[PDB]
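The basis for the numbers below is simple: all heavy atoms, side chains too, and nothing from hydrogens, waters or symmetry mates. Chain A is the first sequence line, chain B the second, and so forth, proteins listed ahead of strands; every chain is numbered from 1.
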Amino acid sequence: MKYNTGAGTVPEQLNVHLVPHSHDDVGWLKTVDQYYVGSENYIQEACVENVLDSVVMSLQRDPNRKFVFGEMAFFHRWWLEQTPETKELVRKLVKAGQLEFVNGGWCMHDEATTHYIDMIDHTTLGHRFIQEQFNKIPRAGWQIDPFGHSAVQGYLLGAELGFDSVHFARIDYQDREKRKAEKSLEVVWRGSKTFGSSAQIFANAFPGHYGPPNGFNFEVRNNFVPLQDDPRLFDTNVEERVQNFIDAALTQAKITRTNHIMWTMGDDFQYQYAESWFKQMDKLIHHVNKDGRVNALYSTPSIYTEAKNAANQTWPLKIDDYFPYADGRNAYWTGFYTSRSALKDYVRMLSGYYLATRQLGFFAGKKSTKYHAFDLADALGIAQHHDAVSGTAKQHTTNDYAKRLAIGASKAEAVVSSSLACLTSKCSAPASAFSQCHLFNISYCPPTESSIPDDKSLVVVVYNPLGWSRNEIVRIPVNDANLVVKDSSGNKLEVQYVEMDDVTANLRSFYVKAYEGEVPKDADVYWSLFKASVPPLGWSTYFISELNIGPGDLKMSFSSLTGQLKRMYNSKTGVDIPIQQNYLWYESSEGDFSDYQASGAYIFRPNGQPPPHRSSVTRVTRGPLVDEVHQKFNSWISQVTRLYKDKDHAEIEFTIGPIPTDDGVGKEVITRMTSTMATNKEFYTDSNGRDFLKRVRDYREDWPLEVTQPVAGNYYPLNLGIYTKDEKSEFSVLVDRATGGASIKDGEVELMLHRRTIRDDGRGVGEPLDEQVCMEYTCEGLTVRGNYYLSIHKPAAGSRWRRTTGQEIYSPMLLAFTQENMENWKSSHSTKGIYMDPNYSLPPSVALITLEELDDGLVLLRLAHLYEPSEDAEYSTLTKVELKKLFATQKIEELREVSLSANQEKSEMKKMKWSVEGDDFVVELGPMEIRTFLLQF
Amino acid sequence: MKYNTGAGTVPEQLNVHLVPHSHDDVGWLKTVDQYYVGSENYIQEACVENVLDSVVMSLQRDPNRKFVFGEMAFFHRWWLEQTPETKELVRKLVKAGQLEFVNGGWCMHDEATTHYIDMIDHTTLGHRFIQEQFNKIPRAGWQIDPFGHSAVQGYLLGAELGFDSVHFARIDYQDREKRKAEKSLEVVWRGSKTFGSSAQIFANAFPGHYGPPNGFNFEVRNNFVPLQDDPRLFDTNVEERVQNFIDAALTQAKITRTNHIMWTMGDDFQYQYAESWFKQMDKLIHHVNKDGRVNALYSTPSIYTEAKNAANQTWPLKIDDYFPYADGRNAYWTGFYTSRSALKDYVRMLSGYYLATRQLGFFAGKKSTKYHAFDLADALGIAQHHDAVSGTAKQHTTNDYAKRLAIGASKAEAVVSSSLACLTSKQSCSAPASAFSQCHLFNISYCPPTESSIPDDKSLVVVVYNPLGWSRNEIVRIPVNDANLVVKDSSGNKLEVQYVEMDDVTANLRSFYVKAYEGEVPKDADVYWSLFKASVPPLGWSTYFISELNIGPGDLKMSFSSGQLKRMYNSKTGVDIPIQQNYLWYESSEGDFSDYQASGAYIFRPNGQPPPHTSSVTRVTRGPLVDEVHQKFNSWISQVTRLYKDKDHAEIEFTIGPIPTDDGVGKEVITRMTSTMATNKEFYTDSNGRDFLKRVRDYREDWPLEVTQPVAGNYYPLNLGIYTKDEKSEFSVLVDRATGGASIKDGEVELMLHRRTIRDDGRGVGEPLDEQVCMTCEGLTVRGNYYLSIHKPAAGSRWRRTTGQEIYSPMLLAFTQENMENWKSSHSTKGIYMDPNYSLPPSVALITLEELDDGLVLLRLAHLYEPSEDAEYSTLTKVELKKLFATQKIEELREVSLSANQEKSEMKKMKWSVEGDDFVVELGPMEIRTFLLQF
Ligand SMILES: *[C@@H]1O[C@H](CO)[C@@H](O[C@@H]2O[C@H](CO)[C@@H](O[C@@H]3O[C@H](CO[C@H]4O[C@H](CO[C@H]5O[C@H](CO)[C@@H](O)[C@H](O)[C@@H]5O[C@H]5O[C@H](CO)[C@@H](O)[C@H](O)[C@@H]5O)[C@@H](O)[C@H](O[C@H]5O[C@H](CO)[C@@H](O)[C@H](O)[C@@H]5O[C@H]5O[C@H](CO)[C@@H](O)[C@H](O)[C@@H]5O)[C@@H]4O)[C@@H](O)[C@H](O[C@H]4O[C@H](CO)[C@@H](O)[C@H](O)[C@@H]4O[C@H]4O[C@H](CO)[C@@H](O)[C@H](O)[C@@H]4O[C@H]4O[C@H](CO)[C@@H](O)[C@H](O)[C@@H]4O)[C@@H]3O)[C@H](O)[C@H]2NC(C)=O)[C@H](O)[C@H]1NC(C)=O
Ligand SMILES: *[C@@H]1O[C@H](CO)[C@@H](O[C@@H]2O[C@H](CO)[C@@H](O)[C@H](O)[C@H]2NC(C)=O)[C@H](O)[C@H]1NC(C)=O
Ligand SMILES: [Zn+2]
Ligand SMILES: [Zn+2]
């Protein structure tokens with residue numbers, strides 16, 4: 001028989017847009033490559049190679065069929081294995097619109113724990129491949145699975161990508177009930193207070209899930225009811241299946257606006273045998289349309305969106321974001337804002353390093369390796385997946401993520417070392433030219449711990465990947481107490497020696513072996529500190545050879561008894577608050593009689609009894625470069641509070657772990673900073689590191705909140721920081737990794753820093769969050785170390801500290817080490833230098849977030865304005881960058897402004913119109929703008 | 001990557017022949033149509049449409065890939081749904097050898113409980129379709145799942161089909177161990193004592209199962225190890241999988257002759273997503289061959305056999321058959337020789353009816369409907385499947401089989417009625433199906449056309465059609481309510497009649513079963529049976545008009561006590577044996593301390609207790625047409641022993657059921673005939689109704705039997721009968737349906753007639769054999785006949801063959817009520833389609849006569865006798881086709897292969913080295929000859 005599969009939409013009927021899809025997690029229960037090749041099916045039945053193999057075969061059979069695919073990490077692995085004939089067929093299918101890419105990033109990223117730079121990076125990696133191979137520009141965002149949604153997702157990784165729509169299944173369960181009653185599941189979303197309706201997007205929250213209606217999952221070997229329409233066979237059932245379809249459509253139509261609804265015909269790793277789905281949908285389209293009561297068609301989320309836009313219809317407005325997400329009264333998905341803190345820091349650390357690596361590679365003329373096997377672009381792109389950096393994957397998968405990142409990091413280190421060798425010489429240089437250290441956090445740096453030969457110095461090359469001037473304390477572990485530090489002009493520098501401590505020494509013994517395989521040499525005896533001063537986008541070289549604290553304007557007071565913070569004050573600016581800082585933990589709920597929901601990798605459900613709260617100072621240190629207060633809170637919680645020279649903030653280094661759980665009680669550890677500030681239930685948290693959103697305790701803008709979790713319901717994901725304010729003071733906290741934050745009482749701010757549960761939370765990963773480090777065999781709970789940064793300012797002056805320090809935290813100095821005689825080094829190498837015009841800086845409002853060599857001589861460049869319109873009187877203004885002065889040693893031959901993911905000419909982007917309820921080479925940038933360019937030299 | 005998938009065989013290496021396949025049962029746990037469309041997957045995950053869909057897609061991708069498909073019932077359903085473009089692609093794939101048909105019958109038939117006529121019929125149905133669509137002749141037989149194997153399967157449904165080989169997984173578990181040790185899994189099999197090496201076949205018993213080696217099942221969503229050969233991905237494992245492959249190959253090579261082994265790369269309903277399998281096989285062929293230690297290739301069973309034949313090798317000989325089959329110590333698969341007796345009888349009845357239907361349709365010029373939806377050809381072909389007539393399907397599937405047969409039977413009944421109305425009319429086709437009425441529930445006394453009153457001036461007209469090519473006299477026995485009826489022949493003479501009174505057992509059956517079968521309660525049980533002797537020419541009709549203690553009317557006499565049988569003797573021939581007949585039942589094992597195995601639909605495992613025992617005469621009847629003894633053995637077992645006029649045998653009618661199981665004891669019911677004949681552990685049973693094979697109690701020719709089941713291991717499948725003999729007597733028993741039979745003690749013969757168990761036997765059907773009828777449910781009751789006689793040595797074979805054919809092909813009765821003189825005025829009361837006075841020789845049966853498409857007529861003649869059997873009839877003979885078709889003129893005649901897909905003269909045979917080595921149709925013993933005719 002011939003089936004009428006070419007149906008389109010019809011004006012006077014309900015139209016059911018059938019959208020075939022396969023939700024393909026880039027790692028979760030299995031690793032990425034296991035998901036691809038289909039191995040380890042006893043863990044989960046899933047093979048992406050089958051999905052792409054069989055979808056292509058099924059699309060070829062009938063030109064009216066469609067399918068949407070998203071995750072280029074999988075698509076690219078598949079593409080490279082395909083014959084020239086299959087590639088030709090795919091080009092034909094894509095050109096005809098049978099295979100449409102939605103999202104099109106390397107992965108479907110989490111929106112809570114990801115930084116906007118990494119979001120842009122992997123989205124560009126996928127989009128460039130799609131543009132190059134198929135001359136296609138994705139128009140529909142696909143966020144069907146991520147656990148809540150960010151403002152930046154709507155306007156920046158939505159509107160500004162050129163997407164007309166974004167689609168997602170998960171919103172708060174109370175919000176969903178209201179949105180069904182209001183028919184407000186579909187909205188026009190304006191995620192930027194700054195850009196408003198100029199960066200808006202059609203946002204489609206599905207009624208329930210991203211699967212088909214009940215009885216319309218057609219995966220091979222499932223117990224579905226086939227449509228039997230052959231009269232030569234027993235038990236035809238055409239009428240029954242058509243009525244099944246109509247019934248489900250009419251139910252959806254009652255909670256949806258216009259005469260178009262969308263069915264997401266697919267689920268996790270479905271379409272292993274695509275024809276099993278396409279057979280039934282062929283028959284349903286045919287027989288439903290013969291019946292004619294409703295209308296069915298093969299469709300895509302962009303065809304659906306075009307239909308919704310063409311309807312004469314006015315749409316509800318959405319502002320701000322969809323955080324936090326809860327799918328039940330005791331199930332707030334705010335635990336994963338912190339889950340796997342060590343992986344989250346690893347991602348953030350490598351993201352900064354990768355930004356500097358790409359700068360240096362460009363300046364040194366190194367060629368792109370973005371699509372080579374195991375490149376850092378692949379590993380960091382994968383790491384953005386909504387089970388990866390979010391921390392909601394199985395342990396073995398998580399280990400695989402870190403293995404991939406380590407491989408990419410090792411390749412980046414060689415690029416950085418070889419580029420610095422060419423660039424400082426007065427590119428072919430071997431990676432052996434410089435050594436580098438990434439284990440300063442546990443005091444492990446062989447290049448600086450090693451004895452310096454006679455008539456030689458330790459050469460320290462310091463590279464600054466910011467477009468700003470920067471001074472900064474260099475802090476290296478050494479074994480000689482009588483070292484002299486000279487700058488490049490021969491001046492001896494003021495140094496400070498800091499003694500090794502026992503907490504770090506025990507970390508060093510355990511973790512160096514865990515990471516490298518064997519025990520290191522003795523815990524070095526000192527840290528040597530000195531202040532480096534480095535040009536923007538450039539380097540300097542240094543030669544090394546044989547109760548109250550605060551060396552600058554900011555001061556802290558501590559109890560001499562329970563050595564806890566009591567006060568912060570700035571002498572020069574005259575801000576002064578009594579403030580206490582302590583460590584607590586919530587006990588993880590394991591459920592009860594009325595609700596068995598446990599706390600786990602996704603969900604934070606505390607017991608509801610007050611968080612368990614004998615600290616002592618074990619050291620006070622004073623010196624010209626740092627004042628430090630070592631605090632011991634218990635045997636597994638220790639902290640060093642550091643006030644460094646010329647730093648307008650305190651650096652609070654935490655060390656948490658092993659979290660003891662032999663007592664059978666999960667523990668989720670917070671730092672809490674308590675003041676008497678009249679914060680009036682308000683607190684501010686960032687969106688993917690950009691806009692700050694005003695959060696209000698126990699309040700929701702879009703629905704009348706029923707309070708069920710007075711703590712977990714007030715946690716928000718941080719990637720830059722959290723701040724509060726009253727009439728007199730602004731209290732700001734910046735993080736060094738994705739972190740959950742909240743204000744549970746007025747004047748009080750807390751960060752959740754580490755979590756270990758005994759139970760799984762029943763959302764599919766099947767594992768308690770029980771991170772352990774092992775060795776014969778000596779296993780213990782994981783220990784995390786990091787910094788948070790706190791400061792005080794007068795109203796309207798904290799903004800510039802948050803933006804400036806946030807960028808310095810993101811992009812620290814890079815240190816490169818070698819041992820050579822100073823005289824001979826100076827005679828063969830430039831010791832100070834700049835790739836920009838000498839004496840040029842980017843404006844303090846701007847950051848160079850992308851500088852990267854692509855194929856040919858194409859260079860990708862992105863500049864971001866860091867401030868929102870009312871943040872800083874001086875910096876929240878129009879500014880300019882002189883690209884000629886950015887690129888002093890070269891001459892720009894062509895400049896082309898492009899879309900954020902660089903797959904469109906900027907001037908050719910067009911926007912849909914919506915009716916919404918309630919309605920020289922100098923680059924200018926206004927607040928929050930990001931501009932993207934392709935250059936030729 | 002490009003994979004090197006085009007490998008052939010290489011001479012100096014072990015060759016692994018990868019044969020992709022999907023074992024698709026034509027009904028079993030789901031119905032045929034559920035298996036096809038993929039519904040009810042909660043019962044079993046299985047969709048044949050996906051198999052053919054995805055296999056065609058995978059073969060199209062790479063011309064070196066191959067796949068073999070068997071069951072045309074499924075292929076034909078799929079074919080009718082395909083587009084022109086898909087049909088052309090299949091034609092290309094078949095023409096290229098990528099898709100090869102193995103077996104090619106409508107199904108893969110059971111070999112135990114099937115009749116050779118039905119095996120030929122469904123096989124011709126599939127082979128004609130394959131030949132017509134693709135111009136292909138299958139060369140490899142495919143019996144991978146049937147539960148043991150028959151002699152007729154080897155020589156007739158193998159060699160005589162033109163197959164060079166036949167392949168199967170199941171043989172006896174003791175026999176398999178010896179064959180592994182002797183490397184005699186593969187043999188040259190000569191299943192015919194008569195034809196020997198002239199009808200031989202290469203028989204390949206697989207090492208264990210028809211699946212892949214462990215770790216080489218690649219079905220979508222299974223937990224196999226994919227071969228990961230991309231170095232851009234983690235965890236490449238090429239070397240490991242190549243070694244996995246080599247290891248499995250070496251193990252099989254240790255028990256196989258030559259440098260060629262075969263992997264059956266598939267299983268039940270596999271290849272739902274074919275590419276999952278072909279991806280792995282592509283990679284294995286490529287990397288195994290790059291490795292070079294062994295050689296792998298896409299192959300088929302016929303390519304494999306060709307390599308076995310080209311090898312320098314002598315092969316062990318196989319004679320006779322592979323029955324019975326056991327897969328373990330207490331697991332003889334001999335229960336299904338009886339299981340579902342009522343379905344087995346239904347199949348056998350409809351087979352004989354369908355033979356007569358095709359005769360009459362040809363004579364009346366009716367058009368062929370063989371490939372029409374729900375035709376009897378489809379229903380009877382499906383019924384031969386190795387879970388269908390064998391009785392080993394689920395109950396719901398079993399009901400579906402019977403539903404389909406009933407649809408086909410209704411269609412054939414209309415063909416028979418319309419055809420007879422045209423053919424008996426004086427001016428001879430337009431006649432309506434309403435012209436005649438017909439009755440198929442005589443067994444429960446239900447025949448409205450004869451029970452109803454006859455109007456005045458009218459007679460009950462009885463047309464009697466005889467589908468045998470022999471003259472036949474037989475007793476017509478119809479249920480009537482009038483005691484003063486007269487029966488006149490066509491000349492007007494009154495015939496001798498005998499009235500038999502209704503009995504309570506049959507009346508109790510009638511009320512229940514008519515309502516069950518027809519949906520409505522019938523009128524009062526009829527008061528009498530009217531009996532008269534009819535005499536009909538061969539392939540012709542006669543017309544009759546109806547209006548207003550020692551027994552035996554003939555030579556054969558039987559003695560009973562005043563109620564058990566005690567003696568049979570024939571005064572005229574001089575045979576005389578004391579013989580007792582009784583009913584017993586084995587108690588079904590439910591497992592014991594040594595072995596959990598239970599008796600079930602497949603496996604007969606009796607309890608180890610001796611069979612419990614049952615008795616009184618309820619009626620003795622004497623008359624000129626029949627003497628009868630009615631016997632009640634218990635409340636659920638009764639019998640009528642009947643000695644009819646001019647019948648050289650007694651006809652024993654059994655009625656068994658409901659078998660009571662509320663006591664928790666399953667029961668397997670036998671009739672046992674006990675004599676003092678010195679049978680010396682020997683007894684003879686037929687092969688699919690044809691050759692008789694000599695069975696020896698507790699003895700196996702091919703291996704030294706370790707006796708573990710002294711009863712179940714001696715059961716054999718019957719489709720014609722069982723007999724014994726000594727120096728003085730020959731004792732013969734003929735069945736009316738597939739039945740299990742045995743001789744457990746010398747001079748003793750038993751039939752298993754009905755079985756009801758409380759447990760399943762753990763071979764996959766998941767159901768106790770617990771048949772019930774409902775409206776109110778009770779265990780199923782079966783009624784039927786077995787036939788016994790006694791003869792001098794060397795003259796019982798004549799009775800076996802003659803009576804066997806008469807049982808298979810009884811008269812057809814057609815009724816109408818009209819005035820006798822009026823009927824004779826517009827109808828011929830006598831007729832014959834052959835020449836007047838022409839008869840087929842007594843040794844020959846017309847087993848096929850049917851109109852095909854266009855003017856094409858298919859004819860088959862069988863010589864019924866083996867060389868040893870009858871001095872007069874085991875001889876060369878001839879049929880004159882000009883006299884066979886008196887009414888017509890032969891324009892064209894071609895002799896063809898048995899399944900009519902090859903010209904006979906063009907068939908070629910492989911040569912093997914075997915250890916130990918006018919239109920007149922002549923027929924030698926056991927020959928079957930097949931012709932295509934045009935008129
Ligand atoms: C003696 O001899 C004989 C010979 O002759 C033998 O044998 C027998 O025979 C007979 C005849 O004669 C037969 O009968 C037949 O049968 C068939 C079959 O049956 C079976 O099956 C069925 C079906 O089944 C199915 O279905 C159901 C429902 O659903 C179920 O249940 C089952 O299970 C199955 O299922 C499956 O399949 C399906 C598909 O197919 C699917 O769907 C599903 O899912 C699954 O899978 C059934 O039903 C039945 O049952 C019944 O019966 C029984 C007994 O047998 C009982 O037990 C039961 O209970 C029942 O009964 C009840 O019910 C009913 C009904 O309601 C009532 O009536 C009663 O009363 C009671 O209550 C069985 O099981 C059949 O088919 C047939 O039938 C037919 O025919 C009649 C007359 O003849 C009538 O009545 C009916 O109705 C029918 O009709 C139809 O068809 C025809 C043709 O055939 C035509 O013509 C007509 O027209 C009609 O049609 C049309 O219409 C319809 C209506 O509806 C429709 O359907 C359509 O569409 C068309 O259009 C008959 O019955 C028998 O079988 C035999 N047997 C054996 C065992 O085989 C004997 O045996 C002897 N006896 C001594 C020896 O004793
Ligand atoms: C099969 O193999 C046998 C074993 O070698 C071959 O027989 C040998 O071949 C020649 C005779 O043709 C002589 O050199 C040997 O005396 C033979 N030996 C035996 C034991 O026969 C045989 O030629 C091969 N081919 C065939 C068709 O038999
Ligand atoms: Zn997901
Ligand atoms: Zn089978």
Side-chain angles (χ1 to χ4, degrees), chain A residues 1-21 62-68 97-98 100 139-140 164-165 167 179-188 202 204-218 225 227 229 236-266 277-316 912-915:
Chain A
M1 199 200 195
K2 218 70 176 273
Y3 290 90
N4 297 329
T5 59
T9 55
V10 307
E12 286 301 296
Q13 291 176 340
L14 170 66
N15 293 269
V16 186
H17 295 247
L18 303 174
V19 174
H21 81 96
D62 181 347
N64 295 323
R65 289 159 172 199
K66 303 176 199 295
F67 189 87
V68 303
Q98 288 195 255
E100 176 178 338
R139 297 296 178 190
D164 301 305
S165 64
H167 309 260
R179 288 183 182 284
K180 287 172 189 187
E182 249 98 281
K183 312 342 167 190
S184 49
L185 293 162
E186 296 173 298
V187 298
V188 174
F202 186 79
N204 167 26
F206 306 154
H209 176 48
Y210 52 76
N214 288 337
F216 291 85
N217 177 301
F218 300 129
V225 174
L227 198 158
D229 64 350
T236 68
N237 66 356
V238 178
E239 266 199 44
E240 171 188 6
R241 291 299 283 148
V242 161
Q243 191 65 57
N244 294 161
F245 186 107
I246 290 170
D247 286 355
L250 295 178
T251 295
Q252 195 175 349
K254 290 208 247 231
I255 51 162
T256 310
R257 297 190 190 199
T258 85
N259 63 313
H260 304 265
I261 63 172
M262 180 171 96
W263 286 12
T264 46
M265 293 298 290
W277 292 75
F278 282 110
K279 187 185 297 298
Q280 296 309 307
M281 293 183 289
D282 282 1
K283 297 193 180 185
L284 288 166
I285 290 163
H286 178 88
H287 292 290
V288 162
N289 290 351
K290 293 260 60 166
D291 172 284
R293 275 177 300 193
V294 308
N295 189 61
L297 64 150
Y298 279 122
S299 190
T300 75
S302 62
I303 293 160
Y304 175 73
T305 298
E306 287 159 350
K308 308 287 272 192
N309 189 245
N312 192 270
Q313 174 78 51
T314 80
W315 299 95
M912 278 182 185
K913 294 193 194 182
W914 299 95
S915 159

Looking only at heavy atoms, the pair that brings A:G292 and A:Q13 closest together is O-NE2, 2.7 Å

**Working for side chain to side chain contact (heavy atoms under 4.5 Å, CB included), residues A:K308 and A:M262** = CA-CA 10 Å; A:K308 308 287 272 192; A:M262 180 171 96; over 6 Å; no

With a 3.5 Å cut-off and no angle check, do the side chains of A:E186 and A:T256 form a donor-acceptor pair? no

Mind checking whether A:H17 and A:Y304 have parallel, tilted or perpendicular rings, split at 30° and 60°? perpendicular

On a heavy-atom basis, the closest approach of A:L14 and A:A253 is CD2-CB, 3.7 Å

Distance-only donor-acceptor check, side chains A:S915 and A:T314, under 3.5 Å:
no

Item checked: Side chain A:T258, main chain A:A311, donor-acceptor under 3.5 Å -> no

Exercise. Without hydrogens or angle criteria, can the side chains of A:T5 and A:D282 be said to hold a donor-acceptor pair below 3.5 Å?
Worked result: no

When you measure from the side chain of A:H286 to the backbone of A:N4, do you find a donor-acceptor pair of N or O atoms at a distance under 3.5 Å? yes

Are any non-hydrogen side-chain atoms of A:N309 and A:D164 less than 4.5 angstrom apart?
-> no

Can you see whether A:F216 has A:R241 sitting over its ring - NZ or CZ less than 6.0 Å from the centre and within 45° of the normal? yes

Value for CD (A:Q252) from CG (A:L185), rounded to nearest 0.5 Å, stands at 9.0 Å

(Q) Checking A:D229 against A:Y3: is there a side-chain donor and acceptor pair closer than 3.5 Å? (A) yes

Taken to the nearest 0.5 Å, the spacing of A:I285 CD1 from A:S299 OG works out to 10.0 Å

Q | A:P316 side chain reached by A:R257 side chain, heavy atoms, under 4.5 Å | A | yes

Aromatic ring centroids of A:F245 and A:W263 under 6.0 Å?
yes

Open item on the list: Has A:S184 got a side-chain atom pairing as donor or acceptor with A:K180's backbone, closer than 3.5 angstrom?
Closed with: no

Here the gap from A:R139 atom CZ to A:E306 atom CD, rounded to the nearest 0.5 Å, amounts to 10.0 Å

>> Side chains of A:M912 and A:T305, heavy atoms from C-beta outward: is any pair under 4.5 Å?
In response: yes

CZ of A:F218 to NZ of A:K279, rounded to nearest 0.5 Å, is 12.0 Å

Q. Would A:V288 and A:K283 count as a side chain to side chain contact (heavy atoms under 4.5 Å, CB included) if you check the C-alpha gap in whole Å, the side-chain angles of each, and the deciding distance to 0.1 Å?
A. CA-CA 8 Å; A:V288 162; A:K283 297 193 180 185; over 6 Å; no

For A:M265 and A:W277 the tightest heavy-atom approach is C-CZ3, 3.6 Å

>> Do A:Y298 and A:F67 have side chains that approach each other closer than 4.5 Å (heavy atoms only, starting at C-beta)?
In response: no

The complete set of salt bridge (charged side-chain N to carboxylate O under 4.0 Å, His left out) pairs with one or both residues in residues 8-21 of chain A, sequence neighbours excluded, reads none

Hits for salt bridge (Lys or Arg N to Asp or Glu O under 4.0 Å) against A:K183, two or more places apart or cross-chain, chain-then-number order -> none

dist A:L18:CG -> A:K66:NZ (nearest 0.5 Å) comes out at 11.5 Å

Given the options A:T9, A:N15, A:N259, A:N295 meets side-chain hydrogen bond (donor to acceptor under 3.5 Å, both in side chains) only with A:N15

Looking only at heavy atoms, the pair that brings A:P212 and A:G266 closest together is CD-O, 3.2 Å

dist A:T251:OG1 -> A:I246:CD1 (nearest 0.5 Å) comes out at 12.0 Å

Those residues at least two apart in sequence (or on a different chain) that pass salt bridge (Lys or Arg N to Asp or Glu O under 4.0 Å) with A:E240 are none

Between A:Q280 and A:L227, the two heavy atoms sitting closest are OE1-N, 2.8 Å

**Item:** Side-chain heavy atoms of A:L297 within contact of A:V16, under 4.5 Å
**Value:** no

Polar contact flag, side-chain donor to acceptor under 3.5 angstrom, A:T300-A:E100: yes

Note to self: What I'd like to find out is whether the side chain of A:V19 reaches to under 4.5 Å of the side chain of A:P301, using heavy atoms alone.
What the structure shows: yes

